[PDB]
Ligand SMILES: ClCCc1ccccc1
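Quick heads-up: it's one chain on its own, the form solved without the ligand, in structure tokens.
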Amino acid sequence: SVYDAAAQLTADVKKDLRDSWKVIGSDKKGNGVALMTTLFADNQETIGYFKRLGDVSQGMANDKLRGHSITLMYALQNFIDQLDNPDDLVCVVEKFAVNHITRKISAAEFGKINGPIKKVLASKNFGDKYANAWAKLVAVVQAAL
């Protein structure tokens, strides 16, 4: 269950999630857009899912993409703040899961976000240990998909 995946997050993992988010989460617009653009560059097959955002090749200049990217970072902000209370993390995760379930996004496709996250983390010098930590949080969402 989602609760099982959440309840597994250990103190060391939560520590790595928090320390890396302190940095990346401090520039939500910059790092959020970078995440989305990286996803489109490495997984061109997903572009079709974001037709509402218009021309995503426009990057920062695209207001719809910018608004979406900033908002996405707050979803992660939400997750990070709920880490110490699995019950709350679970209810917020299931809420966002519905958003993607309605767009027919499978657990497998959602995991495509791990590659981009790893690259963004790297640009700030956060290594594999940190990428692995974020992979675990993403798995919580996957458990709901």
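A residue's number is simply how far along the shown sequence it sits, counting from 1.
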{"query": "Average Cα temperature factor in the PDB entry - higher stretch of 121-129, 5-13", "finding": "5-13"}
{"query": "Higher-scoring stretch by recorded Cα B factor average, 33-41 or 100-108", "finding": "100-108"}
{"query": "Residue with maximal Cα B-factor (values as given in the PDB entry) among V93, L76, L83, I113", "finding": "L83"}
{"query": "Third of the chain's Cα B-factor distribution that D27 belongs to, per the entry", "finding": "lowest"}
{"query": "Chain-relative CA temperature factor third for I47", "finding": "middle"}
{"query": "Lowest, middle or highest third - CA B-factor, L145", "finding": "highest"}
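This next part talks about the form solved in complex with the ligand, which is not shown.
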item	value
The ligand contact in the deposited bound form: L9, any heavy atom under 4.5 Å	no
Contact test in the deposited bound form: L121 vs the ligand, heavy atoms, 4.5 Å	yes
Any non-hydrogen atom of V13 within 4.5 angstroms of the ligand in the deposited bound form	no
Heavy atom of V90 within 4.5 Å of the ligand in the deposited bound form	no
Check all three, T37, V56 and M60, heavy atom within 4.5 Å of the ligand in the deposited bound form	no
Neighbours of the ligand in the deposited bound form among 99-117 [non-hydrogen atom within 4.5 angstroms]	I117
